[PDB]
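Okay, so we've got the same protein chain twice, two forms, each given alone as C-alpha cells, structure 1 and structure 2.
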Structure 1
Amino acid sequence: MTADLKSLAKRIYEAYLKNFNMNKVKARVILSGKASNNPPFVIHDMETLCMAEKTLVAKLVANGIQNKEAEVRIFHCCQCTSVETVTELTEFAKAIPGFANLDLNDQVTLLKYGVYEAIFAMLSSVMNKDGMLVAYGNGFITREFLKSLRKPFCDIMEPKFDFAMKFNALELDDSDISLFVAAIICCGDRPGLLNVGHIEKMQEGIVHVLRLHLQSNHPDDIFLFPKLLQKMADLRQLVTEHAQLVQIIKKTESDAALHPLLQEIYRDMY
C-alpha cells in the first residue's frame, strides 16, 4: 500500500463525499438515533404516505400525479432520486484516474450499465431490515408497506432489501464503498465498448486499490475482496432483473411513465 494508493483512495473517497449528499455515516447515525431525538417521519401505511406527500403537493400536481394511484406516485418520485444519483454518479466518475481521457461514447457506455449497479450498491447504506431512509434521511419508508403495495410494484424494492441485508453484513464504510462504486463503473465487460484496452488498464488500477484498501481496512475479513467481487456479479444480475421488471411495468401500467434520461439508460441494455 504505497503512498500513491492511499492518495488515490482518499481522492476517490473525497469525490464520493462531495458528490453524494447521503453517505453511510450520516444514515447510520440517523438510523441509530444517538445524535438527535427527532426521528425521521415514518411512512408505514397509505395515510402516513399522504401526510408526507403534503410537503411536495406542488410537485405532485405539476407532474399530473396527485390523483393517480399511490403505487404510481411513489415510483414516480423514486425516478427523480434515480436521475439525481445518475447525475451525482456522472460527476463522481470524473475522479477515476484516466476516465475523462476515454472516448465520450465509452464514458456513456460505462455509465449506462454501471449507474444502477452503483445505485443499488449505495442504496444499501440507507437500508435496514425494516425500511430505508428517504428525502436525505428526513423520512423512513417501511419494508412492509412497500410489500403491501399491489403487484407488480411490491416486487420492485423487496429484491433490493434482500441484497442490502447480506451486503451490509460485510460492514463496509464510506472508504470501502467509494472504491467499490468506482470499480463498478470501470467494468471492461460492458457490451459496446470501443477501446476495450484503455478501460481494462483503468480497471486493474482501481481494482488494485480496492483490494489493498480492503486488506488494510478490514484485515480480519481475509476474503472480503473476493466476496465484493461476487457482490458485483450479484449486482449485475440484480440490475438485469430490475430492467426486466421496469419493462413489464412500462407496458402493463398506463399511469406509469418512464423518465426520458432513464429510458435511454434502459434502452437496448439487456
Structure 2
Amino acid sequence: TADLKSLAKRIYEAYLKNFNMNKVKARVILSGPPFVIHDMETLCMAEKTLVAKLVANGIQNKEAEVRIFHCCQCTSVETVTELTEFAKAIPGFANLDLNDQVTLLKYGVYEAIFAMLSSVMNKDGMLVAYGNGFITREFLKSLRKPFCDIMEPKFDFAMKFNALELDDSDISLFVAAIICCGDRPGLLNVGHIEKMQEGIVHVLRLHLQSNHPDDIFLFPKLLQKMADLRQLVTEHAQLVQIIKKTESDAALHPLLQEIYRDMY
C-alpha cells in the first residue's frame, strides 16, 4: 500500500533527521579514528579532550565510576530530547492528549534508549561522545560494583539484537512501536493509542516482510525484544535505585529522576 509505504518512510525520515547517531554512521566509525578508552589512563585523557569541563576541579573531581555514571546520564538526557522530537512523526502522536504524550514517552524512552544503544555497540565496546570515543566493554566490566552491573546487561541485549541485522528503516519503526504501547500505566485515551499503535505495528510487520524476506519469524522476534526491553528497564531502574541509595556521590539528573519517578 502506498500510504503504508509512505508511513514507513515518514518515520524513517524522522529517525534520520532527529537522532545524531544512526546505524550506518555508527558502522562507518566502528570500521575505522575514535579515541579508545580501555583503562583509567585513557579515561582521564578522554575526559580532558571530550568532556573537559567535568575534570576541571582538581582533587575535587569525583571517583572515576561516578564520572562515568554522570556521563552516561548526560547521554541519556540528550537521547530523551531526540526521542521527544522524533515522536511527532508517528501518525496521531501529536493528536494525542498532552498528558498521554508524556506517559508514553515516560515508559518508552529507556526501552528505546537500550534498543538504539545496540547500534553503537559491538562485542568489544561502544561509541561514546557523539562518535568521538570508543569505550571498551572490558573496561566497563572492570568498574567497581555496582557501576559495572549497569553496563553488561545492555551489551548482552545488544549482541542478540544486533544478530537480527536490522537496518535504520527497521529500527525507526521499532522505536515508534515502543513509544506507542497502549498498555502503559496511567493512560487517558487507551483506545486511541491502541489504534495508533496498531497502525505502526501493521506497517512494521509489512516492512519486515519486505526488507527481511529471509527471516519469516522476524516480526514475532521483535515483539519478544519489546518485552525483553521492558524487563531490562525494570531491572535497570532497580539497579539505579540501589546506586542512588548507596552512592552519595552519584546524583541523578532531574530529568531522569522524573522519568524514573513512579515508573516501576
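We call the rigid core whatever largest set of C-alpha positions still superposes within 1.5 Å between the two forms. Residues that one form lacks are left out of the comparison. Sequence positions of structure 1, starting at 1, serve as the residue numbers.
Enquirer: Quick one: lay the two forms over each other on the core and tell me which of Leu229, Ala243, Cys50, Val57 moves its CA by at least 2 angstroms between the two structures.
Expert: One residue passes the 2 Å cut-off, namely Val57.
Enquirer: Fitting the rigid core first, would the Cα of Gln215 be found 2 Å or more away between the two structures?
Expert: Stays below the 2 Å threshold, so no.
Enquirer: Align on the rigid core first, then pass along the CA displacement of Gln66 between the two structures in angstrom.
Expert: Here the C-alpha difference is 5.8 Å.
Enquirer: Report the shifted segments between the two structures, defined as three or more consecutive common residues with all CA displacements of at least 2 angstroms relative to the rigid core fit.
Expert: Residues 56-59, 61-66 form the runs that move by 2 Å or more between the two structures.
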